[PDB]
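Structure 1 and structure 2 below are the same protein chain in two forms, each given by itself as structure tokens.
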Structure 1
């Protein structure tokens, strides 16, 4: 979630050269300079008589971002005789697979055709050029004397390669033994020491190679993709190979022993022609020191909303256990015809949280079918099924789909800030992009508030300017930050404090700060990483007890913090990111002390009654009608209590009776909102317990329709309380005479 996308670094190669088909890092042991290795399998080289012979470039990161080819092989086609070329380097696709250990570079040419030593043929045996800094050797493991289609003639060795930590080379040829596939493992030392330019079929010792099988395994393409990881007791790395056409084109993944090339486990797809094994990876995603297998099936079809299959692709995550058990889960694609599981690139601990992450790329997804790379972060339980980052290609297709995300590399820190980076190679536009992870800053925010219950009567506080001596309370807020890797010591933080949250709908504000005299107060903080609390004391004072609309809704405290994002690295302005799953805002609650029993809520009992005192009115006159209403709350406090007298279309309100002391002078109003006219009268806020109100309302009635026979009123008390907030509706009838 922290990969920088605003300003990545792009590398452009020769047009139509498939630059960026295979990407990798360069980590020289004898130098401190870090380079990017990028393959250009269709580029043009200076070799004599070789056209589109492919090349491998090394591109700097901080030196003009220029790309210079590596001179693995500066010669042309060797001659077996007077006029008899021995090898054919034209259109050999050199650079289709680039791997790099500390000082070693293994660039392979899958389509290199070599005329046999027996008959004039053209067989894509494939060659690999191993480079150890100074001594560049040629490693063709399946250029042997058993040359035919039945053997390693169409080996295409170097289609998929990998490096084990014990200085061993894993090589995969999907064409050996009638396209059954092969895995060849030779030690780097043996390869370098056994090189001899005058002999083409060199036999290495300590060679682990898979053998031929029955004819029912043909066209399985074993070695289409190879990964390396440890999957048994010993510390020797085992070989994981994708076999995408195995088991009647279902797909499979073979795991072989890293000591003597013996099969250990097997994975199988569920859908035909889904290409299960196109890309495989072996990384520890839950951080219990046990490698986990990730298998990509970019052509997987799953049922949609209407039950029709849609090609979205799938990635299967198999979590290793203490025994041979694997807890396999499926990660379905997101867009149809996107090839989700095309390339799987373990990023290592991208955000430095403890568990390694992973990036799976759909190279034909997104808008304009440019390309999408998803990023899934590993957790203790396993792999998060929701991507935490989306990377979009930004180069439109010219003649071929850009294929952004067809091949990526990860788990190598190139700017030395402590976070692994990612190279994404889009060869449809001949581009390579380097995404550098931003530092992750976690924040442990805190918001300590004074006791939630606020007493309105308790007014032992001072005020500026007027000294009204009203109630006040204090709010304490503070936060710490700490992140791994390179990070500036002092991080600028600004915190905004909002008073009476979840109520900003044009209403009034009740709680208000003592000094700023505003519901909002912002302050700047320069906190130090890994430090203790840095808490400032703020004082807020409530308004008048009879000023705000209601005292029921709790007062909410809101504190939102945002990183300055100007604490960027001096290298390329890499601004640190905040942790993705932590909230960026803290909300606390406050209550206004109100005697409401032990349940902490006021539950009133509202009663209303009325007598006629006239019991009859004459039709033709405007008769003065006075209704004696008794409004009593025998329950607890009733907040914002008013009685509702919904008079009919006939009469209208005149005024409250004030000529007698037995009745009250209730403040009353005439309302007409929402299709109904009615009379409201304030009953007290709040309306205390056991309070019995008695008052009279004068009216004036003049009949509408000559056959009406009655005048019916409706009386009801309602309050803004949450439970038992309304009185039973009482209907009073006056008979026309």
Structure 2
């Protein structure tokens, strides 16, 4: 429920660049500044003789919201010999994958091709650039001497990437060994220290990699997607990967041990061509030490009320347990051909309630098919199966589908308010957008009447007017409010009260406030955040037997409270929100 939808920040790249195809935050240790990283894999660059080389842009959060390229490489193609190019950087898709961790940025070109040291082939090995600080290096584990389709020549290394808690890269290459696919993992210190610009097939000593297998595993695409998390309890992150063509095209997810690359677990799809493993994520959703596995199947078909198959898409949620089992639940999409589950993004704890939350995209859903992101909350029982917010794309096709939500990143607080934000990519319109999480207020409200029962008998109100004594009742109300993170210490609530609230057709009211001589009261009330309940009290009274006949129905007291959001807004204009289970009104009753 918590993202600011009315004032999000837009960023745009060049027309047709695919700006927004990959997104991440950049949070250097060296300074207080933070940035968005955006990949634009079809962008033109100043590199000599290169067409659509792709680039990564570093985009500022405040004030001017400038984007500028990162200079990972300014060179054209290297030469193996005179008029014999070593490599082919045109159309390489650089920035199709982007990640960062502290000062480290890793970005990749899955469609980079090279001419082997042995023969004039043109093989899509893929390549990555790692920037460690002031220093940039090339990492290309598939540019090995294993040079054919039966080896690593078609690897496309860096088609997906991630960083572990300890400094290792995990890298996927879906094309190795006749498209069986491969995972590789290297230590970041080993990548940076073994780099040499004169050696094209560098060997790293601490490398972990998956091996070639029997021909029945060909065309499986291991490494099409990757994520990391601990799945055997030793504190080292294990490697999770989507294998979307495995098991006769049901699709699979494989988990490998992060210290030795042996297999821990397999998950399998239940429908062919559903693409189970297009996206994977790992995060603790239910508040344990144990991380839980999220698997997207964007093309999954369920059966409608008429029994017809319809292409809604699905996510599978697998809660880890201490026994080594998983408890599995399935979550279907809401609209036909929307491709629900195309991207999955751990948000961290989005509303600070104690359980982590997740965003799931449907990039071809919504009105005009502009794309939707659905937000789901964690609970002690698992994921809450009902989405608590919907984010919607706001640009027309112009002319490919906008694809809003095809890439996402959460779990970083960019403006330091205490709540983690979300970046959404919309690469079909060359655009990326930042949604900021609002501060959440929990309100406790009290309403009380002292005499729960009266018989027009306790005639004791002297009344500021006529001399006759009137039957009183004391009525009182209270508020307290608080929230985690950054928000103003004083909050203004409009508090509003009604007497006889159920009979309000313009019919005669029998209960009135003593000083007002009316059935209603309104009060601008300022309260300070914390445990101290703040209260006010009024005298009200019941009218004479001459004035009304209905002695049978209860007198109902009703209270509403509204926060002055425009006064509680921070210096950036971000307004807080009331916690979604807060009842905006409360009632009491008395009998006569």
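Numbering follows the first chain given and starts at 1. In this text, the rigid core denotes the largest set of C-alpha atoms whose superposition between the two forms falls within 1.5 Å.
Aligning the rigid core between structures 1 and 2 and inspecting 461, 208, 250, 578, the C-alpha positions shift by 2 Å or more at one residue, which is 461. Superposed on the core, the two forms differ at residue 500: its CA moves 2 Å or more between structures 1 and 2. Taking the rigid core as fixed, one finds a CA shift for residue 438 smaller than 2 Å between structures 1 and 2. With the core held fixed between structures 1 and 2, residue 555 has its Cα displaced by at least 2 Å.
Taking the core as the reference frame, the CA atom of residue 531 shifts 3.4 angstrom between structures 1 and 2. In the core-aligned comparison between structures 1 and 2, the Cα atom of residue 569 sits 4.5 Å away from its counterpart. Relative to the superposed core, residue 171 moves its CA by 0.2 Å between structures 1 and 2.
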